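A closer look at the structure
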Amino acid sequence: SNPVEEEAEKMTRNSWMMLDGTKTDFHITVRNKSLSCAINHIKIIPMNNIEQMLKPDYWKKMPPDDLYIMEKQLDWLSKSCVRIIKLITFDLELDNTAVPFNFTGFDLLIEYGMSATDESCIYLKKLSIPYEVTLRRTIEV
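Residues numbered from 1 in each chain as written, not as in the entry; some residues may be left out. Part of a larger assembly, values for the part shown. Heavy atoms only, no water. Residues with missing side-chain atoms left out of burial classes, pairs and counts.

As summarised from the PDB record, the model derives from cryo-EM at a stated resolution of 3.71 Å.

Details of the overall build of the protein
Assigned secondary structure in the protein consists of 1 helix and 4 strands. Helices and strands appear in the protein in the N-to-C order β-α-β-β-β. What you see for the protein is a C-alpha radius of gyration of 19 Å, clearly larger than the 14 Å of a compact globule of 141 residues, by over 25%. By principal-axis analysis of the C-alpha atoms, the protein measures approximately 60 × 35 × 25 Å. (Helix = DSSP H or I, 4+ residues; strand = E, 2+ residues; numbered from the N terminus. Rg over C-alpha atoms; globule rule 2.2 N^0.38 Å.)

Quick look at the environment of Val99
Relative to the helices and strands, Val99 is located in the loop between β2 (82-83) and β3 (112-113). Between the alpha carbons of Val99 and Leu135 there is a distance of 9.1 Å; along the sequence they are 36 residues apart. Once residues within four sequence positions are removed from consideration, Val99 is found in contact with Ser15, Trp16, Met17 and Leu135. (Contact = heavy atoms within 4.5 Å.)

Some details on the environment of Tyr131
Mapping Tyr131 onto the fold places it in the loop between β3 and β4 (134-135). Expressed as a C-alpha distance, the spacing of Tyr131 and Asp107, which sit 24 residues apart in the sequence, is 9.9 Å. The residues contacting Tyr131, other than those within four sequence positions of it, are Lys10, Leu108, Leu109, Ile110 and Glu111.

Dropping the structure here:
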């Protein structure tokens, strides 16, 4: 019997504008009690790497496709903005969802927040929150 120790450590329809949400909802952040983050998050700012995927999808589309960076990946709608933190909860940052150039291919989003309280060791378990958002077709050419 080989033991170890025990160490204690929903959106709505959006147009093509930019919505900045300051979130103070029921974030768990499952530490012991009164979790001070000690390096706070001010603005998370997603929908940047979705554009940094979408412009190479255009460029990937420019020649014939042979899965150079499109190989079964459904990570457009994932929106995995990893919130890295340092060492009873705290309010979340400003969103700035900022849909000014994004495809109609997605109809959902998620997130992941690194819950961290490190004492001379490596990092810890990590908590993820999804967000369902629909988009409005405001204009076409």
